[PDB]
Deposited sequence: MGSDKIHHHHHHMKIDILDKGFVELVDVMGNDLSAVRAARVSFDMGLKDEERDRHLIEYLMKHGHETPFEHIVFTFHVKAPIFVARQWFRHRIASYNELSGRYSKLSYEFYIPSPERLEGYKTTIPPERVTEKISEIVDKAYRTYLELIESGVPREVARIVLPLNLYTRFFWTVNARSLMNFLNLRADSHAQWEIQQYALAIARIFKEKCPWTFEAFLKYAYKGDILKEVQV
């Protein structure tokens, strides 16, 4: 399975996939034939004209490890399926996204970037210590967790078809999206390209609305 490390402790991994470029061609044609130049031209035609329903017949499942603030943005994509770790039902692990000092490149700051990174580490350590103190005193998990910060890592399974994935890439593989989710979208794109090369190349050429891919 293709797995790609993201941020300091995150990842994207492909769990499963149904279909390939030919799945869209066969759905478009409503083919009996389960047997090229013509198939690739059909994908380009569909993409250039906005005929994207055939790409709904290609489906992916990913396992993603990401901070909560990234997952909040990601879960706004309603045309998909999600199942996520629960802070009601589980004790949550001490794992936080701590930005690199390079995260602040281009910003002039009155605290050195290495000190910003330190201050973030210090406050999330204090928050986790309070979380644990509450848990260990008998406070229910679902209440104790409310002190934890948005940079806490979470994990989820995401099942999404290629049409909705292309929408995700338009929006998230783009400079207007937050840099952290851009990094995830770059990995999603790499996996999509590997699994569906003709669809992906046609997408970049004719339909992709963002400004970071190729």
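Student: Given the full deposited sequence, which segments carry no C-alpha coordinates?
Tutor: Gaps vs deposited seq, in order: 1-11, 47-49, 229-232.
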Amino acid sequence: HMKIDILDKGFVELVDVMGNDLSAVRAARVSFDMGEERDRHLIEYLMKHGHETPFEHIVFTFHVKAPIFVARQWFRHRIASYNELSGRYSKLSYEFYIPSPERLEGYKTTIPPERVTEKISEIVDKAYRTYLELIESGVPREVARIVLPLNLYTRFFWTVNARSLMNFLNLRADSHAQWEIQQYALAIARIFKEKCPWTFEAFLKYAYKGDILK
From here on, numbers count along this sequence of modelled residues.
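Here the rigid core means the biggest group of C-alpha atoms that line up within 1.5 Å when the two forms are laid on top of each other.
Student: Which of the two stretches, 170-178 versus 24-32, has its Cα atoms farther on average from this form in 5 other deposited structures of this protein when everything is superposed by the rigid core?
Tutor: Stretch with the larger root mean square C-alpha distance in 5 other deposited structures of this protein: 24-32.
Student: When the other structures are laid on this one by the rigid core, do the CA atoms of 91-99 or of 78-86 sit farther away in 5 other deposited structures of this protein?
Tutor: It is 91-99 that deviates more in 5 other deposited structures of this protein.
Student: Can you let me know which of the two, 121-129 or 103-111, has the higher average C-alpha B-factor in the entry?
Tutor: In the deposited entry, the stretch with the higher C-alpha B-factor mean is 103-111.
Student: On mean C-alpha B-factor from the PDB entry, just flag whether 67-75 or 132-140 is the higher one.
Tutor: The deposited B-factors put 132-140 ahead on the C-alpha mean.
Student: When the CA B-factors of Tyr153, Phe32, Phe157, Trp179 are compared as recorded in the entry, which is the largest?
Tutor: In this record, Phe32 carries the highest C-alpha B-factor of the candidates.
Student: Per the entry's values, where does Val59 land by CA temperature factor relative to the rest of its chain, in the lowest, middle or highest third?
Tutor: As the PDB entry reports it, the C-alpha B-factor of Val59 lands in the lowest third of its chain.
Student: Would you check the entry's CA temperature factor for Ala27 and let me know if it's in the chain's lowest, middle or highest third?
Tutor: Answer is middle: the recorded C-alpha B-factor places it there.
Student: Using the B-factor values recorded in the entry, state whether the Cα atom of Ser93 falls in the lowest, middle or highest third among the modelled residues of its chain.
Tutor: For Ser93, whose C-alpha B-factor we compare with every modelled residue in the chain, the answer is the middle third.
Student: Hey, what third does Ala187 fall into on Cα B-factor, ranked over its chain?
Tutor: Middle third.
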